[PDB]
Number of protein chains: 2
Amino acid sequence: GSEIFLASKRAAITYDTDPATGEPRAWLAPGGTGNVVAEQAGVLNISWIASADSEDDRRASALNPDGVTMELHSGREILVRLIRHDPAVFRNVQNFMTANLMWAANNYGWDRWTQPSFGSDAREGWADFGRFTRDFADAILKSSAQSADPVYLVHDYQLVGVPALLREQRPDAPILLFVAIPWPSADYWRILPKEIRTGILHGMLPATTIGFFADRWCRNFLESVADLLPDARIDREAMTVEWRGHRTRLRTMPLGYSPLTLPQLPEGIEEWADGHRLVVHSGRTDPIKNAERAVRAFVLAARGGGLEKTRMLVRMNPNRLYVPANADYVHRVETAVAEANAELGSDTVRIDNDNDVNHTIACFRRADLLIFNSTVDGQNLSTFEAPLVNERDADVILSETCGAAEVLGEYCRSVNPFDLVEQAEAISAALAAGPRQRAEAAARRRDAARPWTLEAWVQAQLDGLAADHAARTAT
Amino acid sequence: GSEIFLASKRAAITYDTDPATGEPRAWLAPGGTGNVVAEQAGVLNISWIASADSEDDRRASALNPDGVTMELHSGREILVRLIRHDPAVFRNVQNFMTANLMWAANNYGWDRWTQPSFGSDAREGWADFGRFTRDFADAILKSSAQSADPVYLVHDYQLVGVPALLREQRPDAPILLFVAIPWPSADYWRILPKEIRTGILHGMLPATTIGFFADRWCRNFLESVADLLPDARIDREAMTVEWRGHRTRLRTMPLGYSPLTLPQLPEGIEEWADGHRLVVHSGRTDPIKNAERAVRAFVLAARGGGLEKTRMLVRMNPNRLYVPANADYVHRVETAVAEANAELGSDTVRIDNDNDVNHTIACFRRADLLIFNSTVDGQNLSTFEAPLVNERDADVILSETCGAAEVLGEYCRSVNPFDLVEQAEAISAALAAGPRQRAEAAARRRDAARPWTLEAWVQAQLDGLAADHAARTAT
Ligand SMILES: Nc1nc2c(ncn2[C@@H]2O[C@H](COP(=O)(O)OP(=O)(O)O)[C@@H](O)[C@H]2O)c(=O)[nH]1
Ligand SMILES: Nc1nc2c(ncn2[C@@H]2O[C@H](COP(=O)(O)OP(=O)(O)O)[C@@H](O)[C@H]2O)c(=O)[nH]1
């Protein structure tokens, strides 16, 4: 049985008080990555190291600096250890990670002609990132200090610098890093200042395994390594890097949905949609989700005719609205919806901007057409969840630039997310399709989506790491 | 000797009247590509097919539809054939090629989050591009109808669709296409609508040889082909594409300068720069030339101390100001210059915006520091010309994304064009270096730049085409 040490930016703990006794309670949320790892075969025990990012987390960390054992179903347990970072460092690294810098870097947000223009802010951001990375590595190693053969799983882009620091003190350990966002083309990656574009690669390559959601991101990562590290040797076929002794395997490990996580509609929506076919676009208040272009394409489709009793819901989950790109995105979507309604008629298009998974799942079930047209997406789990819960045989329009398109693209209407005409034509054809044609397409779609579960993805990581560890050990 | 048929967007002709008789005169501008091709050893005759783009051109075409024999020095001649395109098609294709579309496609101008959004105008532009391409192909083929083994050289991005149409009529001919601008990463190239991103590749690949200025553009082109054409097989080491029976060789053929194009400064500039060191940035009114970031970087350097008797000239060559990206570039430069002067003192930074190549060479000669920091550049010939004429041992700051950096980057201060701190440090370092260090660096820089002449570049195309044609025929 393995001794697992999982590191991620957050370990979702629910903090409340008992309804009977009033005593404070802290319990791990179902479906955490730690919860799923804890259930696998060759796992003896598991520790989870994450950042404290609330007063509740901070009190929890201060009470048990070495971590608390928290219970799971089937009498299983997991040692959860929360790191209290320097608040100034932590806040800056959080700003470093948003579209103010690193989110634009990995998610294709810069035009190059006018943005970005790196100043001293980027240099201080990168220094704070180094301090933050050292926080995690020290706490991870301290938590694993007594384990003979610890297995390290590192998750979330915030932790890409961690594998190098673990490797420095644990030369022989299995280390998996999983990157859940895209990796950009080499030319775009090197937009970043020299110390960042190389320093991030120096931090990741000491992992035994680097996983992405999609082949394209593995390829882009390899091309970035070849472009920027003259000392590295990549093998595009074998998906390997050899660099300064480090032998690294890149793997594609798709994730679709969690069965557990995946009710009522939001207030006003059921009656607003009644008697209408309902186009649903859903995603975070993030520029990549592309709802502005979806609304413009819908308007272009409505001009073609055949959409007289069709409405469109833009369902948004508010997130990092303090970032100017996220707020600008919302403003741009609002402007397009306003122009859509002025041209096609009042209440043709509605934005529903609120945080509630249940409401969104209900929007998935109700949808007569689902639009997941991201400009880019590491994977996009909604495009798996939505067909699985939809019972209206809704077609799915899926951007070719989502990682999910590598798994689902043949079973959806695949589109260039920048081409309004193509997207308008896909909306029209999707809504003109007949009942039995959509039934059969949706049947094959759900069959293509169903196998890609959270537990399969965890199993893929462990199996892939064990094989890569064996390879690294013999070589 | 080969029978050459050169196709390009323009055959530069001077229309005037003889100063003694007053008779009308038309004569080829020296240094044109045709002029150079016509002097090579193995060239029996050359015809130059290009577009009519002025009323003088149009009358010239209507009076000699099958071309004018135009005399060169040493009693050589070139048959110049000008195409009268439909005025509407031509004007739209001219616009198709500006930053309104294809210039941003190949020169990295889109942020993806907010631009581009292709509408019907893109579809109409692509149709008009097809009409224009057919115009050229018919004129080229009609001009070579009596040729038993015509050799086709196709230049300028406007003509990228011409190779397929020549190959359709002339299956065994040597065809070279030379692309003088960057080729973008696969992910970026596929921003374009499906019919454009594949159709341009379909039109290019039947060439015997495709030349770019830099290895990076060849690599990106290959990755684009592999991404979009499933029946294509690329070879990154051999620089080849095999597709539908076509074997295409990709070559890097750098160009540096014409020795012929190597006076007084613009009015007021000599006095204004007297008693100061002079930083010079020079380039077209095109966003890729990056003069805004150069000015901001100069201000950062100035804040670091040491630039008290240093001034900055932003020399601009007005071009395509009717395109909103070019006008906005000028607006942003002007804004940066105004803010630089407001902070550092009146008349520290000046823009001189006019069309006068001799004034620009004069600025190159006066410069104490040269900045060619493009966001991207197919090559950039200014960065060869300027050190070759500069006699002040000026350092050169060269963006790592200019194709020229593959030849000269080791001999310049190579910088990330998006990093103001790095560029300001390079400005500071360049202006602090002593005269002996700068003098030896300039001599090595001149030596590296000197071999890359226009004539060497034409010879490289002829030599490369011949080798690739012999290889394609034997196979
Ligand atoms: N917290 C929250 N989650 C939501 C909401 N609506 C949908 N979701 C879920 O958020 C996840 C979105 O994942 P994905 O599509 O990969 O987009 P990401 O936000 O870029 O990671 C899916 O699991 C959705 O079911 C909401 O209103 N609030
Ligand atoms: N017509 C004209 N040419 C100029 C002027 N200033 C510089 N040039 C020349 O224009 C060319 C610029 O080419 P390059 O640096 O490769 O950039 P490009 O403009 O993007 O092709 C060089 O040969 C310059 O010497 C000017 O004021 N007018």
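I'd like the residue in region A:340-359 that is within 10 Å of ligand 1 (Cβ to nearest atom) and in a strand (DSSP E or B) and, out of all such residues, is surrounded by the fewest Cβ atoms within 10 Å (Cβ to Cβ).
Going through region A:340-359, the residues within 10 Å of ligand 1 (Cβ to nearest atom) turn out to be A:352-359.
Going one step further and asking which of them are in a strand (DSSP E or B), we end up with A:352-353.
On the way: A:352: 20, A:353: 14.
Checking each candidate, the answer is A:353.
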Just checking, does region A:184-203 include any residue being over 23 Å from residue A:112 (Cβ atoms), surrounded by 23 or more Cβ atoms within 10 Å (Cβ to Cβ) and more than 16 Å from ligand 1 (Cβ to nearest atom)? no
Of those in region A:371-381 that are in contact with a strand residue (DSSP E or B) (Cβ under 6 Å, 6 or more places away or on another chain) and of a type outside the set (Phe, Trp, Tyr), the residue surrounded by the fewest Cβ atoms within 10 Å (Cβ to Cβ) is A:381
Please specify each residue of region A:62-101 satisfying the condition of being crowded, with 19+ Cβ neighbours inside 10 Å and of a type in the set (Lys, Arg). A:81
Tell me which residues, restricted to region A:282-306, are under 16 Å from the mean Cα position of the chain (by Cα) and of a type in the set (A, V, I, L, M). A:288
Can you tell me which residues in region B:136-151 are farther than 20 Å from residue B:65 by Cα and either buried (at least 23 other Cβ atoms within 10 Å of the Cβ) or among the β-branched types (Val, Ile, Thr) (or both)? B:151
Quick check on my filter: what residues within region B:395-433 are among the hydrophobic types (A, V, I, L, M, F, W, C) and in a helix (DSSP H, G or I)? B:405, B:407, B:408, B:420, B:421, B:424, B:426, B:427, B:429, B:430, B:431, B:432
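Taking region B:395-418 on its own, how many of its residues are of a type in the set (A, V, I, L, M, F, W, C) and away from every other protein chain (no Cβ under 14 Å)?
Going through region B:395-418, the residues of a type in the set (A, V, I, L, M, F, W, C) turn out to be B:396-398, B:402, B:404-405, B:407-408, B:412, B:415, B:418.
Okay, now just the ones that are also away from every other protein chain (no Cβ under 14 Å), so B:396-398, B:404, B:407-408, B:412.
Within region B:395-418, residues that are of a type in the set (A, V, I, L, M, F, W, C) and away from every other protein chain (no Cβ under 14 Å) number 7.
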Scan region A:48-88 for residues that are closer than 16 Å to residue A:135 by Cβ and of a type in the set (S, T, N, Q) and report the count. 2
Residue B:362 fails exactly one of the following numbered conditions: (1) within 14 Å of chain A (Cβ to nearest Cβ); (2) outside any strand (DSSP E or B). What is the number of that condition? (1)
Can you find a residue that is surrounded by 12 or more Cβ atoms within 10 Å (Cβ to Cβ) and part of a helix (DSSP H, G or I) anywhere in region B:4-25? no
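Do you know which of the residues in region A:376-394 that are part of a loop (DSSP other than H, G, I, E, B) and within 14 Å of another protein chain (Cβ to nearest Cβ) is farthest from ligand 1 (Cβ to nearest atom)?
Narrowing region A:376-394 to residues part of a loop (DSSP other than H, G, I, E, B): A:376, A:378-381, A:390-394.
Filter once more, so that each one left must be within 14 Å of another protein chain (Cβ to nearest Cβ): A:376, A:378.
Values: A:376: 10, A:378: 7 Å.
In this case the residue turns out to be A:376.
Across region B:5-42, what is the total count of residues that are among the charged types (D, E, K, R) and within 17 Å of residue B:83 (Cα to Cα)? Reasoning before the result, please.
Step one: of region B:5-42, the residues among the charged types (D, E, K, R) are B:9-10, B:16, B:18, B:23, B:25, B:39.
In the following step, the residues that additionally are within 17 Å of residue B:83 (Cα to Cα) were identified as B:9-10.
Residues in region B:5-42 being among the charged types (D, E, K, R) and within 17 Å of residue B:83 (Cα to Cα): 2 in total.
Condition check ((1) out of contact with any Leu (no Cβ under 7 Å at 6 or more places or on another chain); (2) assigned by TED's automatic domain parsing to the domain that holds residue A:201) across all residues:
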| position | (1), (2) |
| --- | --- |
| A:230 | yes, yes |
| A:233 | yes, yes |
| A:238 | yes, yes |
| A:246 | no, yes |
| A:249 | yes, yes |
| A:263 | yes, no |
| A:279 | no, no |
| A:283 | yes, no |
| A:286 | yes, no |
Quick test for you: out of B:147, B:117, pick the one residue that is in the same structural domain as residue B:14 (by TED's automatic domain parsing), more than 26 Å from the chain's Cα centre (by Cα) and under 30 Å from residue A:301 (Cβ atoms). B:117
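Which members of region B:92-119 meet the condition of being of a type in the set (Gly, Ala, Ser) and either touching a strand residue (DSSP E or B) at 6+ places or on another chain (Cβ under 6 Å) or in a loop (DSSP other than H, G, I, E, B) (or both)?
Our first condition is that a residue be of a type in the set (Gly, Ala, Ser); within region B:92-119, this holds for B:99, B:104-105, B:109, B:117, B:119.
Within region B:92-119, B:99, B:109, B:117, B:119 qualify.
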Single residue of region B:423-432 satisfying the filter (among the aliphatic types (A, V, I, L, M) and within 14 Å of chain A (Cβ to nearest Cβ)) that is surrounded by the most Cβ atoms within 10 Å (Cβ to Cβ): B:426
Answer yes if at least one residue in region B:43-55 is part of a helix (DSSP H, G or I) and assigned by TED's automatic domain parsing to the domain that holds residue B:147, and no otherwise. yes
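Residues checked against (1) outside the structural domain of residue A:103 (by TED's automatic domain parsing); (2) among the acidic types (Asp, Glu); (3) under 16 Å from the mean Cα position of the chain (by Cα); (4) surrounded by fewer than 17 Cβ atoms within 10 Å (Cβ to Cβ):
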{"residue": "A:385", "(1), (2), (3), (4)": "yes, yes, yes, no"}
{"residue": "A:390", "(1), (2), (3), (4)": "yes, no, no, no"}
{"residue": "A:401", "(1), (2), (3), (4)": "yes, no, yes, no"}
{"residue": "A:414", "(1), (2), (3), (4)": "yes, no, no, no"}
{"residue": "A:421", "(1), (2), (3), (4)": "yes, no, no, no"}
{"residue": "A:434", "(1), (2), (3), (4)": "yes, no, no, yes"}
{"residue": "A:447", "(1), (2), (3), (4)": "yes, yes, no, yes"}
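Restricting to region B:320-330, name every residue that is of a type in the set (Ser, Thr, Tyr) and surrounded by fewer than 19 Cβ atoms within 10 Å (Cβ to Cβ). Outline the logic, then answer.
Let us first name the residues in region B:320-330 that are of a type in the set (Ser, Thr, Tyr), namely B:322, B:329.
If the condition is that a residue be of a type in the set (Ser, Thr, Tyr) and surrounded by fewer than 19 Cβ atoms within 10 Å (Cβ to Cβ), then B:322 is the only one that fits.
I'm checking my understanding of the structure. Among residues of region A:192-215 that are of a type outside the set (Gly, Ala, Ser) and over 26 Å from residue A:111 (Cα atoms), which one is farthest from the other protein chains (Cβ to nearest Cβ)?
Our first condition is that a residue be of a type outside the set (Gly, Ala, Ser); within region A:192-215, this holds for A:192-198, A:200-202, A:204-206, A:208-210, A:212-213, A:215.
Those still in the list that are over 26 Å from residue A:111 (Cα atoms) too: A:202, A:204-206, A:208-210.
Numbers: A:202: 17, A:204: 20, A:205: 21, A:206: 25, A:208: 27, A:209: 24, A:210: 19 Å.
Looking at residues that are of a type outside the set (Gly, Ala, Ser) and over 26 Å from residue A:111 (Cα atoms), I get A:208.
Within region A:138-154, identify whether any single residue is within 14 Å of chain B (Cβ to nearest Cβ) and part of a helix (DSSP H, G or I), and answer yes or no.
First pass over region A:138-154, keeping only residues within 14 Å of chain B (Cβ to nearest Cβ): none.
Within region A:138-154 (the criterion being within 14 Å of chain B (Cβ to nearest Cβ) and part of a helix (DSSP H, G or I)), the answer is no, since none of the residues qualifies.
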Within region A:331-339, identify whether any single residue is within 16 Å of ligand 1 (Cβ to nearest atom), assigned to a helix (DSSP H, G or I) and buried (at least 17 other Cβ atoms within 10 Å of the Cβ), and answer yes or no. yes
It is to be established whether one or more residues within region B:310-324 are away from chain A (no Cβ under 14 Å), among the charged types (D, E, K, R), assigned to a strand (DSSP E or B) and in contact with a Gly (Cβ under 8 Å, 6 or more places away or on another chain). yes
Conditions: (1) within 14 Å of chain A (Cβ to nearest Cβ); (2) in contact with a helix residue (DSSP H, G or I) (Cβ under 8 Å, 6 or more places away or on another chain). Residue B:250 meets all but one. Number of the miss? (1)
Let me spell it out: the conditions are (1) within 13 Å of chain A (Cβ to nearest Cβ); (2) of a type in the set (A, V, I, L, M, F, W, C); (3) part of a strand (DSSP E or B), and residue B:177 meets all of them except one. Which number is the exception? (1)
Region B:265-285 residues that are more than 16 Å from residue B:390 (Cβ to Cβ) and more than 14 Å from chain A (Cβ to nearest Cβ), paired with ones that are within 16 Å of ligand 2 (Cβ to nearest atom) and in a strand (DSSP E or B) (beta carbon under 6 Å, 6 or more apart): B:266/B:352
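Cβ atoms come from the backbone with ideal geometry, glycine included; neighbour counts cover every protein chain shown. The values are calculated or read from the model by the stated rules, or taken from the named source; these are not laboratory values.
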